[PDB]
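Chains as they are written, first to last, in the entry's author numbering: chain A, 51 to 99; chain G, 26 to 263; chain X, 38 to 156; chain g, 59 to 115.
Beta carbons: idealized from backbone N, C-alpha and C, even for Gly.
Here's the structure we're looking at; comments come further down.
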Amino acid sequence: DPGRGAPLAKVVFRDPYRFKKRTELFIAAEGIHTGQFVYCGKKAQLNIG
Amino acid sequence: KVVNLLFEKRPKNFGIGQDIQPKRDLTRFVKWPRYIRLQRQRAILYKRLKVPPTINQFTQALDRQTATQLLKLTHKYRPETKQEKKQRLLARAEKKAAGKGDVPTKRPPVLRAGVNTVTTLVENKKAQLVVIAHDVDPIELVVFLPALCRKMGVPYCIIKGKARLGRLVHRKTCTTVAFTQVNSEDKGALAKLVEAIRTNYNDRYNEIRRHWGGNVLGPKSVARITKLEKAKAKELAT
Amino acid sequence: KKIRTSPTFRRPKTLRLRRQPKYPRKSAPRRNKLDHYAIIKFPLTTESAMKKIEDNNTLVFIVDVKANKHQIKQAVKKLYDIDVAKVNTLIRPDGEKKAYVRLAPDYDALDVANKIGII
Amino acid sequence: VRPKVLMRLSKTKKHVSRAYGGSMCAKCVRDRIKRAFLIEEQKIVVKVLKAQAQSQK
RNA sequence: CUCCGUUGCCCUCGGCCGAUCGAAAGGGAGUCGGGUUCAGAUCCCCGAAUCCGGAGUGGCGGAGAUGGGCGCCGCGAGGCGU
RNA sequence: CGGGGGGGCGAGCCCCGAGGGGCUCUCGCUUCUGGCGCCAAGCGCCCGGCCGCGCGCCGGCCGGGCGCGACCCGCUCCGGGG
Ligand SMILES: [Mg+2]
Ligand SMILES: [Mg+2]
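What follows is the structure in structure tokens.
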């Protein structure tokens, strides 16, 4: 993303609720490889991304 | 086997992230437009705040058992409809110039409708009963009336529905109503209500006049504040 | 109990009626001003137009400037009981719309010149 | 070919005749196949191991 | 009034994202040889083309699509019943 | 969401009869792999027609409708201040 030191990452989840696919833009944590599943939320496990 | 083997089950599971969620009713998770949101949280404030006695009395009201006798009683007694009016005049025009007519008849006793009609004939002690609607919009217009009614010693009462009170008199709405006289035969039922009403109203005033009526929180807040008194009870009741 | 599946309120779609006007709002309908005598003003008789009639089976017309081709076509047809293959319009520097009208092959320009009086 | 041109062309010029034909590139379909086993099968292997964990417990 | 069309209402489904303008150089389907004028020419004409839209009643071909089985009758090509 | 209430695989405690019950937790169930996942199956309960038994909420055929599935109630659309 121009004018910005960090690279972004597009991460496609899917809407838990409408048949579709929400996509977002997380600031890439270092070690985000492409092809990672990224777990999100309260019960999520403690690792990178 | 009257059961073709193919029709199976395919039972879905809507846990988080499992199969996609179905359609619940959401009426609390929906976007209530600016009239609704607003009218919704008038009714809330109007319980949340500490409401005054004079405005409280406009909650406590009659019950089915009493109300329905009242609205029975009035139904002998509603002021002449239009059309029904015309033949009161038209019949006297034919009866005058035919078979005698001094033409006072006897004006049969009827209701009395509006406020600045009622309040005069309450300030004149010319009323057996007064019915007042609770929900009246500027409450201004009927704040006093109870106070006034009990000072004159006139049985007042607070019925639900300015609509159904304003349906006796043939209109959209009405705030007050009154029986000044009654038909002789119909006086046992009137004096039956009157004594039943004013045990419950006119002879209460220092219970009504000093009862603030809101100061009630939200059940979400109450459930939490009470859940801390099971913490504080069960700290040193155990 | 007609449950809300969606968490928006969208306005209810109401009935909405059709104009049933109590009068007409102007008395009469305006008389049509682009006619089969008005849309064509005059045929040209310029040498580069006689040359165009005789050689290309056309007729060169000055035409009312708000005219379309399907108006110029159902004009020229209506009048010089003709029929028209295609119309082809420009605006002279002067504001006069020309329109040179190819007439179907069965049918001659050099005759229909003398009928309309040009030549 | 420039995309509006596709409207002129015939169906068969725009795909190849398969699953995910003309959107996906063989090499990824034939992994999408044999991924779509092994996701499916190893829900069955976890399904029975779960069933044996609750039969034990 | 067949069937189709059209409309009326009743039920059913639809996230969006901003009333609108902004390219003669950005995005944007499809036209080119030859001929022709004093001046115009992918413009006119001759011939070759091409895109978009319409084609309903469907204009006409071709695909869908023309097996197999079983059972008879026929020399056999074959015919019929299912 | 907050309360409530189902569930129940399971843990603590309490009870217990050893069947089980209560209170507490937990869940509310998707983590090895660029895989698939909507418009509902299943059960239930009804009604229209049509066909068969003939008593026809018996049975078939055709065609619909509602309940659970997908706990119930509310009073602030969720969050943070004050
Ligand atoms: Mg524009
Ligand atoms: Mg351009």
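Have a look at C83 (chain g) and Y60 (chain G) and give me their C-alpha separation to the nearest angstrom.
Roughly 56 angstroms separates the two Cα atoms.
At a cut-off of 6 angstroms, would you count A158 (chain G) as near ligand 3, judging by its Cβ distance to the nearest heavy atom?
As for ligand 3, it is missing from this structure, which binds only ligand 1 and ligand 2.
Would you identify the three-state DSSP class for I184 (chain G), choosing helix, strand or coil?
strand
Just to confirm, is the Cβ distance from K72 (chain G) to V241 (chain G) under 7 angstroms?
yes
Mind listing the chain A neighbours of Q66 (chain G)? Cutoff is C-beta to C-beta under 8 angstroms, in chain order.
Ordered by position in chain A, no residue passes the 8 angstroms Cβ test against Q66 (chain G), which lies about 28 angstroms from the chain.
For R103 (chain G), which option in G:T145, G:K255, G:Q85 and G:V194 has the closest C-alpha, if you only look at C-alpha atoms?
G:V194
Do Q82 (chain G) and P171 (chain G) have their C-beta atoms closer together than 7 angstroms?
yes
Output yes if chain X places a C-beta closer than 7 angstroms to the C-beta of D50 (chain G); else output no.
yes
Starting from the beta carbon of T45 (chain X), find every residue of chain G whose beta carbon is closer than 9 angstroms, and list them in chain order.
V55 and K56
Going by CA-CA distance only, name the one from G:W57, G:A221 and G:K245 that's closest to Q90 (chain G).
Of all alpha-carbon atoms in G:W57, G:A221 and G:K245, the one lying nearest the alpha-carbon of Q90 (chain G) is that of G:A221.
Within 7 angstroms (strictly less), CB to CB, does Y89 (chain A) reach chain G?
no
Report the neighbours of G40 (chain G) on chain A: residues whose CB is nearer than 9 angstroms to its CB, in chain order.
Per Cβ cutoff of 9 angstroms: no residues; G40 (chain G) is ~10 angstroms from chain A at best.
Do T205 (chain G) and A158 (chain G) have their CB atoms nearer than 7 angstroms?
No, the pair does not count as a contact, with Cβ atoms beyond the cut-off.
Measuring straight from C-alpha to C-alpha, what distance separates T93 (chain G) and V27 (chain G)?
59 angstroms
Of all the CB atoms in chain A, is at least one closer than 7 angstroms to the CB of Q43 (chain G)?
no
In the DSSP output, what is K134 (chain X) paired with across the bridge?
DSSP output for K134 (chain X) lists X:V100 and X:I128 as bridge partner(s).
Give a yes or no on whether the C-beta atoms belonging to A146 (chain X) and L81 (chain X) are separated by under 7 angstroms.
no
Under 8 angstroms by Cβ, that's how I've got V100 (chain X) and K135 (chain X) pegged, so tell me the actual separation to the nearest angstrom.
7 angstroms
With 7 angstroms set as the bound, which would you pick, yes or no: does the beta-carbon of residue 267 (chain G) sit closer than that to a beta-carbon of chain A?
Residue 267 (chain G) lies beyond the stretch modelled for chain G, which goes from 26 to 263, so this question has no answer here.
Report yes or no: do three or more beta-carbon pairs, one from the segment 103-114 of chain X and one from the segment 69-79 of chain X, lie closer than 8 angstroms?
yes
Could you name the residues of the same chain whose beta carbon sits closer than 6 angstroms to that of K115 (chain X), not counting the 5 residues immediately before and after it, in chain order?
Counting only Cβ-Cβ distances below 6 angstroms, and skipping sequence neighbours, we find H73.
Is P244 (chain G) buried or exposed, if buried means 16 or more other CB atoms sit within 10 Å of its CB?
Exposed is the call here.
Run down chain G in chain order and give the residues with a C-beta less than 9 angstroms from the C-beta of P52 (chain A).
From the beta-carbon of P52 (chain A), no residue of chain G is found nearer than 9 angstroms; the closest lies around 34 angstroms away.
Alpha carbon to alpha carbon, what distance is there between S81 (chain g) and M65 (chain g)?
Those two C-alpha atoms are separated by around 17 angstroms.
Going by Cα to Cα distance, which pick from A:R54, A:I98 and A:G53 is closest to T84 (chain A)?
A:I98
DSSP on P80 (chain X), reduced to helix/strand/coil?
Of the three classes helix, strand and coil, the one that applies to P80 (chain X) here is strand, per DSSP.
Taking CB distances under 7 angstroms as the criterion, tell me whether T51 (chain X) reaches chain G.
Not one chain G Cβ lies under 7 angstroms of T51 (chain X).
Would you say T126 (chain X) faces chain G, with C-beta separation under 7 angstroms as the test?
no
Counting C-beta neighbours from all protein chains within 10 Å, is the total for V103 (chain g) 16 or more, i.e. buried, or is it exposed?
It counts as exposed.
Please state whether the Cβ-Cβ distance between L136 (chain G) and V202 (chain G) is less than 7 angstroms.
yes
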